[PDB]
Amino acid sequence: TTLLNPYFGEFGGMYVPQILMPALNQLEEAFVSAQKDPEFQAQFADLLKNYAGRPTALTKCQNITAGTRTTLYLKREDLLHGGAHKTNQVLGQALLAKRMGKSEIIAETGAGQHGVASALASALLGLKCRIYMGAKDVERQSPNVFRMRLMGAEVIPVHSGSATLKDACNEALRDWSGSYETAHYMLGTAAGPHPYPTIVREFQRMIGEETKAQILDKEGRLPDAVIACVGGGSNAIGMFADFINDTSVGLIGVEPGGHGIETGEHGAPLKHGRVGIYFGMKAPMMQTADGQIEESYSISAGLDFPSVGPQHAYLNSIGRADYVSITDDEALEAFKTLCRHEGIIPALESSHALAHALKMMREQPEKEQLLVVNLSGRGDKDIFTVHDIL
């Protein structure tokens, strides 16, 4: 029994062991109550404004579009405290944990940004944070691991299975299965069992709300399309949400194409996977013919969730949103182009969204189009990766 619908069409649900159902129901109830509580809303708004730096800028990129009929704006989540949009929702989830009387936080992380975000929120709000991270990721993300520890969080390497994000997801749920009375599981994307896809969207929806107000102020009309990368789905659903009912606005999600869809080395389950049940939800998955879950591959370590949020699978199914992919090389070219022409170093994740907008522009340069790319994070973290490739 739930207060809200756990499904988006066929996708979603609450596929967790029975022992975890009370925790999900408690979380859903706390969330519905918080959404109607003006005190919770004001506290969240105050943290977003005065701690995290909202609203974030909406930057026009004239140098990149010169000579074409494309007008391109970047929603600057790269300027949010922490350097990525993840900060928005961890603040909200930390306030939910405190509303329920929880004192501890559990979080999973792949490349480490969600771990850092969870740790900073926990440090600010007096919560004891523990983060699960696949051992292969721990080895490749020393900087983020050190940040988490500076911020007082415990980082626990996970060596089971592939020792990467999905394995950390499993371990977080294993721990929660025994610790839910005292700990809240701060899931890092708009995926997992209900109510997570819903909560994460609502705690990221200010991205699209601000973008709408900003583009109306600057252009007097809505965008032709808003474009966002899709790892698990949080930055994209945060950008898309406020525009879902604006039927003229295209919603374009960009999954990582890795070395190319035909190689099988990609992270594009929405368009190139098969529906399965894993991580508490029914959604398109990267999986073997037999049903074993596989990893997503991308040059961008943050586009590693091996499935996708259920709301995206649903929006695709009804034709409201369109999903495409961008390869490692396309993303790298977009990264270089933004650095050189706008003086902004984008995260490689976000570079996937930018790359698709660049293709929209370049393929039809005399098409009049007003586009917004969600620049989900800054790319300082990726300079070593890019340097080594070049």
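The first residue of the sequence shown is number 1, and the count goes up from there.
As recorded in the PDB entry, 178-186 is the stretch of 231-239 and 178-186 with the greater mean C-alpha temperature factor. Per the PDB record, of the two stretches 340-348 and 35-43, 35-43 carries the greater mean B-factor over its C-alpha atoms. Set against one another, the Cα B-factors of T71, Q214, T263, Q204 in the record reach their highest point at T263.
Out of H312, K102, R320, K282, the entry records its largest CA B-factor for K102.
Annotation for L270: C-alpha temperature factor in the lowest third relative to the rest of the modelled chain, per the entry. Per the deposited record, the Cα B-factor of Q62 falls in the highest third when ranked against the other modelled residues of its chain.
Annotation for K75: CA B-factor lies in the lowest third of the chain's modelled residues. Looking at the C-alpha B-factors along this chain, the one for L91 belongs to the middle third.
Ranked by C-alpha B-factor against the other modelled residues of its chain, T198 falls in the lowest third.
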